[PDB]
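Taking the deposited numbering, the leading residue of the sequence shown gets 627, the next gets one more, and so forth.
Below: the structure, in structure tokens.
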Amino acid sequence: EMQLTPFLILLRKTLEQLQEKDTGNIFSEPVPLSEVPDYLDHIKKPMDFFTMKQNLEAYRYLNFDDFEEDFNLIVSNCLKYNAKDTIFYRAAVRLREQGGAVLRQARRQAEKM
Ligand SMILES: CCn1c(=O)c(=O)[nH]c2cc(C(=O)N(C)Cc3cnn(-c4ccccc4)c3)ccc21
């Protein structure tokens with residue numbers, strides 16, 4: 627089955643592709659709790675692309691499903707916290723759409739390995 631190194635290269639490229647869909651850069655660093663003091667009274671597990679990069683390099687993603695789970699958390703946390711009539715909520719909807727396409731293609735390339 628798969629060698630670890632090519633899979634990690636693929637997750638690195640995929641994470642880069644997902645982060646470039648975040649043109650507002652509202653998903654690339656942890657939500658700043660000092661500015662949003664009630665954030666964790668609603669969000670059980672915050673996630674963002676910088677944390678995902680840390681997890682990737684700590685070897686915490688060894689299959690696609692776990693990588694995709696943390697991406698889905700970025701989206702679902704934002705949909706949960708923010709009202710529907712906000713830029714944030716709509717940006718999460720857009721990321722879900724555009725990121726889903728990136729992830730389907732990355733899964734296809736992994737299925738070659
Ligand atoms: C509505 C809750 N919220 C979400 O729900 C969401 O999905 N993304 C959010 C993204 C930000 C955001 O501006 N960041 C992550 C950039 C940043 C990182 N540090 N500082 C900072 C630090 C010190 C002072 C000023 C700013 C800003 C904010 C809220 C967010």
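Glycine included, each C-beta is placed from N, C-alpha and C at the ideal position.
How would you call residue i, buried or exposed, if buried means at least 16 neighbouring beta carbons within 10 angstroms?
{"i": "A732", "result": "buried"}
{"i": "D696", "result": "buried"}
{"i": "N703", "result": "buried"}
{"i": "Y685", "result": "exposed"}
Apart from the five residues just before and just after residue i, which ones in its own chain have a Cβ nearer than 7 Å to its Cβ?
{"i": "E694", "result": "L729"}
{"i": "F653", "result": "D674, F675, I700 and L721"}
{"i": "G650", "result": "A717"}
Short check: CB of residue i to CB of residue j, under 9 Å?
{"i": "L641", "j": "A736", "result": "no"}
{"i": "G725", "j": "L634", "result": "no"}
{"i": "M739", "j": "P656", "result": "no"}
{"i": "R638", "j": "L688", "result": "no"}
{"i": "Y707", "j": "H668", "result": "yes"}
{"i": "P672", "j": "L666", "result": "yes"}
Keeping to the same chain, check which residues put their C-beta closer than 8 Å to that of residue i; ignore five residues upstream and five downstream.
{"i": "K647", "result": "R720, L721, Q724, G725 and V728"}
Kindly list the residues whose CB is nearer than 6 Å to the CB of residue i, restricted to its own chain and excluding five residues on each side of it in sequence; keep chain order.
{"i": "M628", "result": "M739"}
Given 8 Å, three or more beta-carbon pairs between the region 672-687 and the region 704-719: Output reads no: the region 704-719 does not touch the region 672-687.
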